[PDB]
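Below is the file coords_14.txt, which contains compact mmCIF, C-alpha atoms.
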```
# COMPACT_ATOMS: atom_id res chain seq x y z
CA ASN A 8 61.34 -73.57 -105.61
CA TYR A 9 62.99 -75.41 -102.69
CA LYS A 10 66.02 -75.29 -100.39
CA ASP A 11 65.59 -78.74 -98.83
CA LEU A 12 65.67 -82.10 -100.57
CA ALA A 13 63.39 -83.81 -98.05
CA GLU A 14 60.92 -80.97 -98.55
CA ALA A 15 61.21 -81.14 -102.34
CA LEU A 16 60.59 -84.90 -102.27
CA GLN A 17 57.16 -84.51 -100.65
CA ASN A 18 55.80 -83.41 -104.07
CA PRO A 19 58.61 -84.39 -106.45
CA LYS A 20 56.68 -83.32 -109.56
CA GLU A 21 56.10 -79.70 -108.47
CA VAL A 22 59.82 -78.91 -108.03
CA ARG A 23 61.42 -76.89 -110.82
CA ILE A 24 64.14 -75.02 -108.88
CA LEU A 25 66.23 -76.57 -106.12
CA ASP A 26 69.02 -74.79 -104.24
CA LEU A 27 71.10 -77.18 -102.14
CA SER A 28 74.21 -74.98 -102.07
CA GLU A 29 76.25 -74.69 -98.87
CA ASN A 30 74.61 -77.76 -97.29
CA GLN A 31 77.79 -79.76 -96.47
CA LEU A 32 76.63 -82.66 -98.69
CA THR A 33 79.03 -85.55 -99.26
CA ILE A 34 76.60 -87.53 -101.43
CA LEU A 35 73.66 -86.61 -103.60
CA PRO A 36 70.87 -89.10 -102.75
CA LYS A 37 69.61 -91.18 -105.64
CA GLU A 38 66.11 -89.94 -104.73
CA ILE A 39 67.09 -86.73 -106.58
CA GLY A 40 65.98 -88.68 -109.66
CA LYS A 41 62.31 -88.34 -108.73
CA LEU A 42 62.41 -84.56 -109.40
CA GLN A 43 61.79 -85.04 -113.07
CA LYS A 44 60.48 -81.49 -113.69
CA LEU A 45 63.64 -79.96 -112.24
CA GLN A 46 65.06 -77.22 -114.47
CA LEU A 47 67.74 -75.58 -112.28
CA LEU A 48 69.79 -77.37 -109.61
CA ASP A 49 72.40 -75.55 -107.45
CA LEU A 50 74.78 -77.87 -105.58
CA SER A 51 77.72 -75.48 -105.24
CA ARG A 52 79.92 -75.32 -102.12
CA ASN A 53 79.28 -78.84 -100.83
CA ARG A 54 81.64 -81.83 -100.51
CA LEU A 55 80.36 -84.04 -103.33
CA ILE A 56 82.73 -86.68 -104.71
CA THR A 57 80.63 -87.79 -107.66
CA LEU A 58 77.03 -87.89 -108.88
CA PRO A 59 74.65 -90.87 -108.86
CA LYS A 60 73.76 -92.33 -112.23
CA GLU A 61 70.14 -91.39 -111.41
CA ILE A 62 71.08 -87.83 -112.38
CA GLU A 63 70.16 -89.08 -115.88
CA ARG A 64 66.46 -88.81 -114.94
CA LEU A 65 66.63 -84.97 -114.69
CA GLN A 66 65.69 -84.74 -118.36
CA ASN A 67 64.32 -81.18 -118.05
CA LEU A 68 67.44 -79.84 -116.32
CA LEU A 69 68.83 -76.65 -117.89
CA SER A 70 71.55 -75.55 -115.43
CA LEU A 71 73.58 -77.71 -113.03
CA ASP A 72 75.95 -75.92 -110.61
CA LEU A 73 78.59 -78.16 -109.01
CA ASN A 74 81.17 -75.41 -108.44
CA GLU A 75 83.38 -75.83 -105.36
CA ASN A 76 82.81 -79.46 -104.44
CA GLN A 77 85.31 -82.36 -104.30
CA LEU A 78 84.31 -84.14 -107.51
CA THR A 79 86.81 -86.65 -108.88
CA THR A 80 84.67 -88.16 -111.63
CA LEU A 81 81.32 -87.67 -113.34
CA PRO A 82 79.20 -90.65 -114.38
CA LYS A 83 78.78 -91.17 -118.11
CA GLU A 84 75.05 -90.63 -117.51
CA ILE A 85 75.78 -86.88 -117.38
CA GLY A 86 75.75 -87.04 -121.19
CA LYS A 87 72.06 -87.97 -121.19
CA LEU A 88 71.02 -84.50 -119.90
CA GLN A 89 69.81 -83.49 -123.37
CA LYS A 90 68.47 -80.07 -122.34
CA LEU A 91 71.47 -79.02 -120.25
CA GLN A 92 72.77 -75.54 -121.12
CA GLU A 93 75.03 -74.63 -118.18
CA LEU A 94 77.33 -76.85 -116.16
CA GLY A 95 79.49 -75.41 -113.39
CA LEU A 96 82.41 -77.64 -112.44
CA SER A 97 84.93 -75.05 -111.17
CA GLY A 98 87.00 -75.80 -108.09
CA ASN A 99 86.72 -79.60 -108.06
CA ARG A 100 89.28 -82.44 -108.33
CA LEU A 101 88.26 -83.88 -111.68
CA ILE A 102 90.75 -86.39 -113.12
CA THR A 103 88.94 -86.47 -116.49
CA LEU A 104 85.55 -85.90 -118.14
CA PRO A 105 83.57 -88.76 -119.73
CA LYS A 106 83.52 -88.77 -123.52
CA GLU A 107 79.71 -88.89 -123.29
CA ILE A 108 79.77 -85.21 -122.28
CA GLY A 109 80.09 -84.55 -126.02
CA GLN A 110 76.47 -85.69 -126.37
CA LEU A 111 75.41 -82.49 -124.55
CA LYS A 112 74.38 -80.77 -127.75
CA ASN A 113 72.70 -77.86 -125.90
CA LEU A 114 75.60 -77.08 -123.56
CA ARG A 115 76.67 -73.42 -123.92
CA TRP A 116 78.43 -72.56 -120.65
CA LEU A 117 80.95 -74.85 -118.94
CA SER A 118 83.30 -73.81 -116.14
CA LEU A 119 86.33 -76.01 -115.42
CA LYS A 120 88.59 -73.56 -113.55
CA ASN A 121 90.85 -75.05 -110.85
CA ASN A 122 90.59 -78.70 -111.98
CA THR A 123 94.35 -79.31 -112.18
CA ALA A 124 94.21 -82.63 -114.05
CA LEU A 125 92.07 -81.14 -116.84
CA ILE A 126 94.53 -78.34 -117.71
CA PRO A 127 96.55 -80.54 -120.15
CA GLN A 128 93.27 -81.77 -121.65
CA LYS A 129 91.93 -78.30 -122.55
CA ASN A 130 92.19 -78.47 -126.35
CA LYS A 131 90.81 -82.01 -126.36
CA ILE A 132 87.86 -80.87 -124.25
CA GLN A 133 87.13 -77.91 -126.53
CA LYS A 134 87.23 -80.16 -129.60
CA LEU A 135 84.68 -82.37 -127.83
CA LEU A 136 82.37 -79.40 -127.07
CA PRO A 137 83.07 -77.09 -130.02
CA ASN A 138 79.97 -74.95 -129.44
CA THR A 139 80.48 -74.49 -125.68
CA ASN A 140 82.00 -71.43 -124.00
CA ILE A 141 84.52 -73.02 -121.65
CA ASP A 142 85.93 -71.12 -118.67
```
Could you write out this structure as structure tokens?
Amino acid sequence: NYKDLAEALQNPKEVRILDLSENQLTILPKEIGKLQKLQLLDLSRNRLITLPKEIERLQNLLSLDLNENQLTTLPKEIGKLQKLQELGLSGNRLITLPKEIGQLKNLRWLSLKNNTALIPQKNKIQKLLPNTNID
């Protein structure tokens, strides 16, 4: 359980919960990929623009909170997060979602509120994630 990435990275295999919310982050360092036991990651209320492709290494991740950032795109590698059950994307600037998000077979909770560009894509997005509660 950590609130600091530098601190988490001193023993990357002991970190299961990481709360980096409200840390004014503009990038997520690719070193995040060494936290391979991570199960919950809170990145809400930062200034992120996208995610590194190394996010794919968080294979044990269950919840990913990116609410209230500045995200314009997600890498296709987001679809490799096989265990992911919750994804918070509210309040970003997303132009689209990658089709690979449909590979998230365990995704149950997805928040997309206040992503203007996605509003016309709603029905398409629900057909891509037909077992996901989408807010």
Problem - Nearest residue to residue 125 (chain A) from the set A:20, A:100, A:44, A:87 (distances using only C-alpha atoms) - result: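 So, comparing all the options, the nearest one is A:100.
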Practice task
Enumerate, as a list in words, the protein, DNA and RNA residues whose atoms approach (68.3, -82.8, -97.5) to within 9 Å, taking into account only C-alpha atoms and the coordinate frame of the file.
Solution key: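 The distance filter leaves exactly residues 10, 11, 12, 13, 14, 15, 27, 30, 32, 35 and 36 of chain A.
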Problem - CA of residue 58 (chain A) to CA of residue 116 (chain A), distance in Å rounded to a single decimal - result: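 It comes out at 19.4 Å.
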Problem - Using only C-alpha atoms: which of A:133, A:118, A:77, A:33 has the shortest distance to residue 97 (chain A) - result: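 Among the listed residues, A:118 lies closest to residue 97 (chain A).
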Handout entry: Residue nearest residue 54 (chain A) among A:18, A:80, A:99, A:92 (counting only C-alpha atoms)
Key =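 So, comparing all the options, the nearest one is A:99.
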Exercise for the section: Kindly give the distance, in Å, that separates CA of residue 105 (chain A) and CA of residue 81 (chain A), rounded to a single decimal. Expected result: 6.9 Å
Problem - CA of residue 69 (chain A) to CA of residue 85 (chain A), distance in Å rounded to a single decimal - result: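 That distance, rounded to one decimal, is 12.4 Å.
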Practice task
Please tell me which residues are no farther than 12 Å from (75.1, -78.6, -123.7) in the file, counting only C-alpha atoms, and write them as a VMD selection string.
Solution key: chain A and resid 68 to 71 85 to 95 107 to 117 135 to 141
Problem - Long-range neighbours of residue 76 (chain A) as a PyMOL selection string, 7 Å cut-off, all atoms listed in the file, 6 positions minimum in chain - result: chain A and resi 51-55+98-99
Generate the missing atoms of region 72-89 of chain A up to N, CA, C and O atoms and report them as a PDB file, in the frame of the given file.
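The new file result-v4.pdb reads:
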```pdb
ATOM      1  N   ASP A  72      74.817 -76.617-111.221  1.00  0.00           N
ATOM      2  CA  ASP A  72      75.950 -75.920-110.610  1.00  0.00           C
ATOM      3  C   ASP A  72      76.592 -76.857-109.583  1.00  0.00           C
ATOM      4  O   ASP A  72      76.017 -77.118-108.520  1.00  0.00           O
ATOM      5  N   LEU A  73      77.793 -77.337-109.904  1.00  0.00           N
ATOM      6  CA  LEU A  73      78.590 -78.160-109.010  1.00  0.00           C
ATOM      7  C   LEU A  73      79.898 -77.472-108.622  1.00  0.00           C
ATOM      8  O   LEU A  73      80.847 -78.136-108.187  1.00  0.00           O
ATOM      9  N   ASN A  74      79.964 -76.147-108.784  1.00  0.00           N
ATOM     10  CA  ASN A  74      81.170 -75.410-108.440  1.00  0.00           C
ATOM     11  C   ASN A  74      81.554 -75.649-106.988  1.00  0.00           C
ATOM     12  O   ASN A  74      80.691 -75.721-106.113  1.00  0.00           O
ATOM     13  N   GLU A  75      82.862 -75.772-106.728  1.00  0.00           N
ATOM     14  CA  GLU A  75      83.380 -75.830-105.360  1.00  0.00           C
ATOM     15  C   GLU A  75      82.825 -77.040-104.588  1.00  0.00           C
ATOM     16  O   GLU A  75      82.253 -76.923-103.499  1.00  0.00           O
ATOM     17  N   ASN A  76      83.009 -78.217-105.175  1.00  0.00           N
ATOM     18  CA  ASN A  76      82.810 -79.460-104.440  1.00  0.00           C
ATOM     19  C   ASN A  76      84.134 -80.209-104.377  1.00  0.00           C
ATOM     20  O   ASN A  76      85.197 -79.575-104.382  1.00  0.00           O
ATOM     21  N   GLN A  77      84.095 -81.542-104.315  1.00  0.00           N
ATOM     22  CA  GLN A  77      85.310 -82.360-104.300  1.00  0.00           C
ATOM     23  C   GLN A  77      85.223 -83.451-105.364  1.00  0.00           C
ATOM     24  O   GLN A  77      85.710 -84.574-105.178  1.00  0.00           O
ATOM     25  N   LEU A  78      84.612 -83.126-106.502  1.00  0.00           N
ATOM     26  CA  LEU A  78      84.310 -84.140-107.510  1.00  0.00           C
ATOM     27  C   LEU A  78      85.583 -84.692-108.133  1.00  0.00           C
ATOM     28  O   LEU A  78      86.454 -83.932-108.573  1.00  0.00           O
ATOM     29  N   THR A  79      85.702 -86.021-108.169  1.00  0.00           N
ATOM     30  CA  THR A  79      86.810 -86.650-108.880  1.00  0.00           C
ATOM     31  C   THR A  79      86.420 -87.241-110.216  1.00  0.00           C
ATOM     32  O   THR A  79      87.277 -87.368-111.103  1.00  0.00           O
ATOM     33  N   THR A  80      85.150 -87.574-110.392  1.00  0.00           N
ATOM     34  CA  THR A  80      84.670 -88.160-111.630  1.00  0.00           C
ATOM     35  C   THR A  80      83.185 -87.842-111.753  1.00  0.00           C
ATOM     36  O   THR A  80      82.493 -87.633-110.751  1.00  0.00           O
ATOM     37  N   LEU A  81      82.727 -87.760-112.976  1.00  0.00           N
ATOM     38  CA  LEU A  81      81.320 -87.670-113.340  1.00  0.00           C
ATOM     39  C   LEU A  81      80.887 -88.975-113.973  1.00  0.00           C
ATOM     40  O   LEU A  81      81.658 -89.563-114.739  1.00  0.00           O
ATOM     41  N   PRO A  82      79.682 -89.457-113.687  1.00  0.00           N
ATOM     42  CA  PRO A  82      79.200 -90.650-114.380  1.00  0.00           C
ATOM     43  C   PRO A  82      78.937 -90.333-115.837  1.00  0.00           C
ATOM     44  O   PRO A  82      78.641 -89.187-116.193  1.00  0.00           O
ATOM     45  N   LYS A  83      79.043 -91.367-116.683  1.00  0.00           N
ATOM     46  CA  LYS A  83      78.780 -91.170-118.110  1.00  0.00           C
ATOM     47  C   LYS A  83      77.364 -90.698-118.342  1.00  0.00           C
ATOM     48  O   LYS A  83      77.080 -90.067-119.371  1.00  0.00           O
ATOM     49  N   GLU A  84      76.459 -91.021-117.410  1.00  0.00           N
ATOM     50  CA  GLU A  84      75.050 -90.630-117.510  1.00  0.00           C
ATOM     51  C   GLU A  84      74.864 -89.118-117.585  1.00  0.00           C
ATOM     52  O   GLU A  84      73.782 -88.663-117.976  1.00  0.00           O
ATOM     53  N   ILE A  85      75.879 -88.328-117.219  1.00  0.00           N
ATOM     54  CA  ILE A  85      75.780 -86.880-117.380  1.00  0.00           C
ATOM     55  C   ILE A  85      75.499 -86.507-118.837  1.00  0.00           C
ATOM     56  O   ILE A  85      74.817 -85.510-119.119  1.00  0.00           O
ATOM     57  N   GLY A  86      75.979 -87.314-119.782  1.00  0.00           N
ATOM     58  CA  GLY A  86      75.750 -87.040-121.190  1.00  0.00           C
ATOM     59  C   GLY A  86      74.326 -87.262-121.665  1.00  0.00           C
ATOM     60  O   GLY A  86      74.020 -86.934-122.815  1.00  0.00           O
ATOM     61  N   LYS A  87      73.458 -87.819-120.828  1.00  0.00           N
ATOM     62  CA  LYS A  87      72.060 -87.970-121.190  1.00  0.00           C
ATOM     63  C   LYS A  87      71.217 -86.725-120.927  1.00  0.00           C
ATOM     64  O   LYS A  87      70.034 -86.713-121.286  1.00  0.00           O
ATOM     65  N   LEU A  88      71.786 -85.686-120.308  1.00  0.00           N
ATOM     66  CA  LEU A  88      71.020 -84.500-119.900  1.00  0.00           C
ATOM     67  C   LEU A  88      70.817 -83.596-121.118  1.00  0.00           C
ATOM     68  O   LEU A  88      71.395 -82.512-121.226  1.00  0.00           O
ATOM     69  N   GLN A  89      69.943 -84.064-122.025  1.00  0.00           N
ATOM     70  CA  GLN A  89      69.810 -83.490-123.370  1.00  0.00           C
ATOM     71  C   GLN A  89      69.571 -81.983-123.347  1.00  0.00           C
ATOM     72  O   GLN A  89      70.010 -81.275-124.260  1.00  0.00           O
TER      73      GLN A  89
END
```
